[PDB]
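# Chain and residue survey
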4 protein chains.
Amino acid sequence: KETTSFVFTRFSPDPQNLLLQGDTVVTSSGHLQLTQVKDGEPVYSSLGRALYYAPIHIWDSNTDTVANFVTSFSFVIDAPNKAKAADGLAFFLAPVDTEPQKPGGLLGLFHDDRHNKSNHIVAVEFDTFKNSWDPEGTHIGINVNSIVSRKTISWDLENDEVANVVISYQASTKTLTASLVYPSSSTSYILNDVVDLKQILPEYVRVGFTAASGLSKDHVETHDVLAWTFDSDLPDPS
Amino acid sequence: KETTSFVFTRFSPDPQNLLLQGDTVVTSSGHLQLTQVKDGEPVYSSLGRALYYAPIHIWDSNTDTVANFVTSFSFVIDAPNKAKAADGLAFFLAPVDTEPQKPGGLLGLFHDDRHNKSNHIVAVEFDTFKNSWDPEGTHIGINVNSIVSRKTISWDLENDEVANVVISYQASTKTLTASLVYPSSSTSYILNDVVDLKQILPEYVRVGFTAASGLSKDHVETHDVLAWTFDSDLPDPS
Amino acid sequence: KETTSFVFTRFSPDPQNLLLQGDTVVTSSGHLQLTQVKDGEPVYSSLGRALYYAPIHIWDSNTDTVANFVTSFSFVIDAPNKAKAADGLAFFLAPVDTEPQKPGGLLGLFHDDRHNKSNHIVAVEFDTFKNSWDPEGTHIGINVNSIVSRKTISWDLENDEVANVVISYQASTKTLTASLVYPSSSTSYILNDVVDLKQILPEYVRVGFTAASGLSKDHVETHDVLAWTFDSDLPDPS
Amino acid sequence: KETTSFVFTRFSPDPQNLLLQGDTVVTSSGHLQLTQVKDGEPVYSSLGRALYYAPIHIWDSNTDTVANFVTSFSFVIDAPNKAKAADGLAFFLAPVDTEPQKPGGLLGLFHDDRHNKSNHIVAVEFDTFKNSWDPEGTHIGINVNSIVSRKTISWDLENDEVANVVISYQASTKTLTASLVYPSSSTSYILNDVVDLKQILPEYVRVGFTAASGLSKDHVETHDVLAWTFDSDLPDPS
Ligand SMILES: *[C@@H]1O[C@H](CO)[C@@H](O[C@@H]2O[C@H](CO)[C@@H](O[C@@H]3O[C@H](CO)[C@@H](O)[C@H](O)[C@@H]3O)[C@H](O)[C@H]2NC(C)=O)[C@H](O[C@@H]2O[C@@H](C)[C@@H](O)[C@@H](O)[C@@H]2O)[C@H]1NC(C)=O
Ligand SMILES: CC(=O)N[C@H]1[C@H](Oc2ccc([N+](=O)[O-])cc2)O[C@H](CO)[C@@H](O[C@@H]2O[C@H](CO)[C@H](O)[C@H](O)[C@H]2NC(C)=O)[C@@H]1O
Ligand SMILES: CC(=O)N[C@H]1[C@H](Oc2ccc([N+](=O)[O-])cc2)O[C@H](CO)[C@@H](O[C@@H]2O[C@H](CO)[C@H](O)[C@H](O)[C@H]2NC(C)=O)[C@@H]1O
Ligand SMILES: CC(=O)N[C@H]1[C@H](Oc2ccc([N+](=O)[O-])cc2)O[C@H](CO)[C@@H](O[C@@H]2O[C@H](CO)[C@H](O)[C@H](O)[C@H]2NC(C)=O)[C@@H]1O
Ligand SMILES: CC(=O)N[C@H]1[C@H](Oc2ccc([N+](=O)[O-])cc2)O[C@H](CO)[C@@H](O[C@@H]2O[C@H](CO)[C@H](O)[C@H](O)[C@H]2NC(C)=O)[C@@H]1O
Ligand SMILES: *[C@@H]1O[C@H](CO)[C@@H](O)[C@H](O[C@@H]2O[C@@H](C)[C@@H](O)[C@@H](O)[C@@H]2O)[C@H]1NC(C)=O
Ligand SMILES: *[C@@H]1O[C@H](CO)[C@@H](O)[C@H](O)[C@H]1NC(C)=O
Ligand SMILES: *[C@@H]1O[C@H](CO)[C@@H](O)[C@H](O)[C@H]1NC(C)=O
Ligand SMILES: [Ca+2]
Ligand SMILES: [Ca+2]
Ligand SMILES: [Ca+2]
Ligand SMILES: [Ca+2]
Ligand SMILES: [Mn+2]
Ligand SMILES: [Mn+2]
Ligand SMILES: [Mn+2]
Ligand SMILES: [Mn+2]
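The notes below deal with the structure included here. (Residues numbered from 1 in each chain as written, not as in the entry; some residues may be left out. Chains lettered and ligands numbered in written order. Heavy atoms only, no water.)

### Structural notes on the interface of chain A and chain D
Convention followed: By the convention used here, residues are in contact when the closest approach between their heavy atoms is within 4.5 Å. Throughout, buried area stands for the accessible area (probe radius 1.4 Å) lost by two parts on being put together, summed over both. In what follows, salt bridge is the name for a side-chain nitrogen of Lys or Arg lying within 4 Å of a carboxyl oxygen of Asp or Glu. Think of a polar contact as two N or O atoms within 3.5 Å of one another; within protein, one of them needs to be a possible hydrogen donor and the other a possible acceptor, and neighboring residues in sequence only count if both atoms come from side chains. Every helix listed is a DSSP run of H or I at least four residues long, and every strand listed is a run of E at least two residues long, numbered separately from the N terminus. Residue type decides the class: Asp, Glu, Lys and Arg count as charged, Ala, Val, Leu, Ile, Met, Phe, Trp, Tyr, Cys and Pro as nonpolar, and the leftover types, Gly among them, as polar.
With 27 residues of chain A in contact, the opposing surface of chain D contributes 27 residues. Taken over both partners, the interface formed by chain A and chain D buries close to 2,300 Å², and the fraction arising from carbon and sulfur atoms is 47%. Between the two partners, chain A and chain D, sit 0 salt bridges. Our enumeration of links across chain A and chain D arrives at 9 residue pairs in polar contact. Counting only elements with at least two residues in the side of chain A that touches chain D, the list comes to strand 1 (2-8) and strand 19 (204-213) of chain A. A per-element tally of the side of chain A that touches chain D places strand 1 of chain A first, with 7 residues. Of the residues in the side of chain A that touches chain D, the class split is 11 nonpolar, 9 polar and 7 charged.

Now the structure itself:
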């Protein structure tokens, strides 16, 4: 049996147990600011990621076991002009050596808009900009090896309000669930789908966040993570 | 600071840390069978409840603090005829000395269909029968001091399939959230609302489940709870 | 699998999730005052206990499993005259319906000084008075069904200083361990012994504290518990 | 507030969330074999370490807070000839970029036998060989920036028997406590000392194990870690 757990109710200025990639910084309020802000305004063409430093053991070939996990986090997206929001934020799992990929609508996750099993990426996206591969309207998606989500639901942005997300994986049913609640408006969203982590991901992964602002100067928004908890448990075989 | 936590991944016979009320028994598979089964068939006019034995400290007048909690559970409803499903299951919080009330559509929670502040009940119902006070169709509801829910959403019962429920209370925003997922069909539901526990409930409560079958012989279903976790935390004052 | 867990970093004035027996009260500083204090002075012939309200599932005959547990607590004993300290404090496990027994050197645990398998008591005692059955000097003891400890070690009371205790049970080796640290003086103690909980105790028990002041007017001391954490885990069968 | 937690009840063959240094391997039984075994026999001049991959946040200069931690582990030392046992095993905290130092009696921890504040090492040693700087006999020691322990106690190696260790740090009293139990014989040991982590260590450290066999061919023993749990909590300021 193996377990891994961590809690941040805020982030400290030089978080050595996070691997910060691209533009990410920690703000003086203790938030993970994934995309750049200059003089109070979000900057275009920005991409940042943040991963927990330790690999997570999500399945074991030696014992044929697969882990459960539950992660919770709070985030804020603030678009000065809601009609020109872009591009969004994702929680993801990836190989341990993962590096940022293309900005904009590919969210730092993928090098192109195609499906590739060797990406070894599972993500939950909060997608604020309609690309050519996207459904109509802002949406939450489950992504497996592609920016073209396996499943999406409609999601209405409450601009500059705190969103509370919970993502869980139940190995026994191969089910990934993602929910988002805005306590400020009493609105909530949820979806789930079958995702077989043992078939998709390597035995060890890194987990974390990515976000990107739009690739034109007027399509900007912030992507800040305020708090994050993660728990995983890899059971003994039966 | 106080915390309380428990996990049941299955239930034992004569569970001395549960207060079983009405018809509830534990099955040989280790499930909490809230309503009666005779020769493999659900019995009508059955009502059963199950509460954790220890009171939970949900707020403290001495320090003016209010607890957070998160509970998860799995349940199954099996109706021989899905169109004549009745009456449903609820998770609830109530005064420590709570006793079962009326069966059928009142779900063992209430003595009548009226609102009364002295009930001191907060419940999340999974309501399988349209009573005269109900919205159209099967629904999930947040109930405060009445069987007439404060808020409902539509929910389609997946007959004899496992439902995974998560109910959480965030004291800082006075927000109660309930979600339900069916991993078998990849279907999911969520709602939330403002419920001020400090104004509604006593400082200590008991928490648990109630369920009732229909009050006519053809409106029957089982209500089984398979697993249950609960965690609460009452913080120090600021 | 079943788990039970709780934390008190201090105690609130009417703790409804504790079963208080005999003289126990909660002080305005939020301590569990097990033996009586009148006008700042400890009272003789006082006995008090405090149990967690929910029974703990320590073994299961259905699945042939036995629980691990770990408990930590902080306590203070203040004897106005250290040479006339009596009688001490214990942590214990007992049947669910346990009631206080004889005061003084029997510590509220036992009706007499004999061994009896039907007592179903396991205790760790902090014994400040030499009875006829006691080793020389103040001592920590592991007690099983008798006030005559199975094993003792010497322990010097540091008067009115906080003691930090950890008691743990490892089912796989049938080993109970108890340690005490005084951080103020950098002094520590530890012992362990074989106790087979499945053979000694019922499937469910209550857990908590007991303490008694001396049975003569000049042999008095306080017995206060400042904080308490408990965790138990009853595993699935192999 | 930040917390970090992990559990290994056994180790899997390529543990990517551990940083293995020197000779360490994982055995087919799932043990961390810190020093080399060849044809069933321990090899001399062997040094191995194993660190958890993620840095641990032990204090924060921004908020002036200091973390608590508790770690537990099980280990076995098997010396073919008990009279020629060498050199031992330690649990330690060190800078994030820590690398193995000198083998033998310096335990991979130190470059020499001198005290140096820039080492930034806190360790608990299980020392099986009397060096020139050591007390007489096998001992447990608390070491701060030197192989010359601040405090030692006598400890008798129970050859090839499982030892259960618990090491804890209480920030409010600056107290480090270490205990060892052999459940097979019901023998136990404990010591504690004041160690100010904020003054000794950097804000982030890595934690883990080191062990070394003797520097002559006949002074050999195994050093195997069977299981490890770690929990740390960095509180919010007052
Ligand atoms: C599907 O995704 C896989 C896995 O990422 C892609 O294969 C990998 O592509 C990398 C380039 O993005 C290769 O690494 C590079 O190797 C060169 C030469 O040694 C280095 O100079 C450079 O810095 C990189 O490290 C990597 O070797 C390769 N992995 C495997 C297992 O083959 C794959 O990319 C496509 O196919 C491979 C074979 C190459 O032809 C790539 O250039 C090409 O993009 C992805 N497939 C698609 C359609 O995107
Ligand atoms: C039209 C324009 O002004 N800028 C657009 C730019 O078009 C040009 C202009 C000049 C040259 N060139 O050869 O120098 C090449 C391309 O090409 C980008 C690729 O489609 C547009 O990127 C999109 O920007 C959107 C916000 O406007 C979102 O960020 C959206 O996700 C993003 N699309 C992707 C796939 O990332 C970008 O807006
Ligand atoms: C008509 C009949 O056969 N049975 C009906 C029953 O009738 C009688 C007839 C005589 C006597 N008596 O005291 O003599 C008592 C009751 O009165 C019940 C109370 O109104 C009907 O209860 C409803 O039954 C439904 C399923 O049919 C649902 O369970 C529904 O929630 C439930 N309603 C409530 C409010 O709980 C029940 O259907
Ligand atoms: C010596 C004395 O004054 N009183 C003693 C009293 O014996 C008597 C009996 C009758 C009368 N009488 O009024 O006829 C007067 C005195 O009998 C008790 C034995 O049953 C003594 O109890 C012991 O007191 C000690 C502190 O003094 C410790 O608490 C010690 O644990 C306790 N012993 C036990 C077993 O609990 C108690 O002190
Ligand atoms: C073969 C032999 O005698 N090797 C001995 C070795 O000798 C030499 C010979 C030449 C040179 N040189 O600088 O060239 C250096 C060392 O000197 C080592 C430093 O004193 C002995 O190390 C000690 O060995 C002991 C077991 O015998 C323990 O492992 C003990 O902890 C260990 N001592 C230390 C401080 O690590 C080691 O036994
Ligand atoms: C063990 O405890 C009980 C009290 O809890 C005593 O009553 C027992 O006495 C024995 O059993 C009782 C019922 C009675 O038959 C008596 O004659 C027995 O001695 C006691 N057992 C012993 C051996 O002391
Ligand atoms: C409901 O309110 C009425 C007074 O209007 C009261 O008589 C009754 O006791 C209340 N219900 C309870 C306590 O369940
Ligand atoms: C103290 O330690 C540092 C690094 O561990 C080292 O570079 C330095 O030489 C040491 N100082 C001495 C030996 O005086
Ligand atoms: Ca998009
Ligand atoms: Ca209804
Ligand atoms: Ca005594
Ligand atoms: Ca040595
Ligand atoms: Mn999308
Ligand atoms: Mn309803
Ligand atoms: Mn004694
Ligand atoms: Mn030493």
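### With respect to the interface of chain A and chain B
When the parts of a complex come together, some accessible area is lost, and that lost area is often used as the size of the interface. Across the boundary between the two partners, chain A contributes 19 residues, which contact 19 residues of chain B. Between chain A and chain B, roughly 1,200 Å² of surface is buried when both sides are summed, and carbon and sulfur atoms account for 50% of that area. Counting the surface chain A buries against chain B, the share from its top three residues, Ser186, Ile190 and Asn192 of chain A, is 41%. Across the contact surface, chain A and chain B share 0 salt bridges. Counting across the interface, chain A meets chain B through 7 residue pairs in polar contact. The element best represented in the side of chain A that touches chain B is strand 18 (residues 187-194) of chain A, accounting for 8 residues.

### Examining unusual backbone geometry
Excluding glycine, residues mostly carry a negative phi; peptide bonds, for their part, are mostly trans. Residues and elements named next belong to chain A. Of note, the amide linkage connecting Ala86 to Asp87 takes the cis form, showing an omega dihedral of -10°. The residue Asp87 is located in strand 12 (residues 87-95) in this model. Although it is not a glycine, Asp39 sits at a positive phi angle of roughly 50°. In this fold, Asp39 is placed in the loop between strand 5 (37-38) and strand 6 (41-42).

### Topic: the pairing of strand 11 (residues 68-76) of chain D
It is a general feature of regular strands that their side chains alternate between the two faces of the sheet. Residues and elements named next belong to chain D. Put simply, the rule reads: Pairing between strands is defined by DSSP: at least two bridges between them are needed.
One ladder, built from 9 bridges, connects strand 11 with strand 20 (residues 224-234); its direction is antiparallel. If you follow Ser72 over to strand 20, its bridge partner there is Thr229. In this sheet, strand 16 (residues 163-170) lies alongside strand 11 in antiparallel orientation, the contact comprising 7 bridges. The partner of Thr71 across the bridge, within strand 16, is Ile167.

### Digging into the side chain of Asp60 of chain D
Operational definition: To sort residues, take the accessible area from a 1.4 Å probe on protein chains only and compare it with the maximum for the residue type: under 20% means buried, over 50% means exposed, and anything in between is partly exposed. In this tally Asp and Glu are treated as negative and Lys and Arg as positive; neither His nor the chain ends contributes.
Relative to the assigned elements, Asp60 of chain D resides in strand 9 (residues 59-60). No salt bridge forms around the buried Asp60 of chain D; measuring N to O, its nearest opposite-charge neighbour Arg10 of chain A is 7.1 Å away. Setting aside anything within four residues of it in sequence, one finds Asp60 of chain D in contact with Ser12 of chain A together with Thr65, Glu203 and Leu234 of chain D.

### Side note on the coordination of the calcium ion (ligand 11)
The expected angle between donors at a tetrahedral four-coordinate metal is 109.5 degrees. At an octahedral six-coordinate metal it is 90 or 180 degrees. Residue and element names in this part refer to chain C. Spelled out, the test is: Sites may look incomplete because water is not among the atoms; the donors themselves are N, O and S atoms within 2.8 Å of the metal, or within 3.2 Å for Na, K and Ca.
Protein ligation of the calcium ion (ligand 11) involves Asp127 (OD), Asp127 (OD), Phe129 (O), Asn131 (OD1) and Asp134 (OD), the donor distances falling in the range 2.3 to 2.6 Å. Expressed as a motif, the donor residue spacing for the calcium ion (ligand 11) is D-x1-F-x1-N-x2-D. The metal-metal distance between the calcium ion (ligand 11) and the manganese ion (ligand 15) comes to 4.2 Å, with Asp127 coordinating both. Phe129 sits in the partly exposed class, given a relative accessible area of 30%.

### Details of the relation of the copies chain A and chain B
Rules: Copies of the molecule are overlaid using a least-squares fit to their C-alpha atoms.
Of the transformation placing chain A onto chain B, the axial shift is 0.1 Å and the rotation is 179°, giving an RMSD of 0.2 Å. Accordingly, the operation relating the two chain copies is best matched by a two-fold axis. Distance from the rotation axis, computed per C-alpha, reaches its smallest value in chain A at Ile190 of chain A: 3.3 Å. Counting the interface residues of chain A, we find that 100% of their copies in chain B are interface residues as well, pointing to one common contact surface.

### Some thoughts on the site of ligand 7
Residues and elements named next belong to chain B. The test is simple: Here a residue counts as near a molecule or strand whenever at least one of its heavy atoms sits within 4 Å of it. Every accessible area reported is derived by Shrake-Rupley at a probe size of 1.4 Å, with residue values counting cover from the shown protein chains alone.
Surrounding ligand 7, one finds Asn116, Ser118 and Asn119. A distance of 2.5 Å is found between an oxygen atom of ligand 7 and a side-chain nitrogen or oxygen belonging to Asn116. Its free accessible area being 360 Å², ligand 7 has 25% of it covered by the protein chains.

### Topic: the site of ligand 2
All names here are of chain A. As a structural note, the neighbourhood of ligand 2 is formed by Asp87, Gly104, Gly105, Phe129, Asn131, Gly214, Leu215, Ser216 and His219. In the model, an oxygen atom of ligand 2 is placed 2.9 Å from a nitrogen or oxygen of the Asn131 side chain. Within the side chain of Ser216, one N or O atom sits 2.7 Å away from an oxygen atom of ligand 2. In the complex, the protein chains occlude 38% of the 730 Å² of accessible area that ligand 2 would expose alone.

### With respect to the pairing of strand 17 (residues 175-182) of chain D
All names here are of chain D. By the criterion of burial, strand 17 is predominantly enclosed, with 8 of the 8 residues buried. A two-sided burial pattern is seen for strand 17, the buried positions comprising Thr175, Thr177, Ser179 and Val181 on one face and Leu176, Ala178, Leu180 and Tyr182 on the other. Bridge count for strand 16 against strand 17 is 7 bridges, and the pairing is antiparallel. Across the sheet, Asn164 pairs through a bridge with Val181, a residue of strand 17. Linkage of strand 16 to strand 17, two consecutive antiparallel strands, is achieved through a turn of 4 residues, within which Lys174 is found at a positive phi near 50°. Two elements, strand 17 and strand 18 (residues 187-194), share 8 bridges in a ladder whose sense is antiparallel. Within strand 18, the position partnered with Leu176 by the bridge is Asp193. Turn length for the strand 17-strand 18 hairpin, with the two strands adjacent in sequence and antiparallel, is 4 residues, and the turn residue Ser186 shows positive phi of about 55°.

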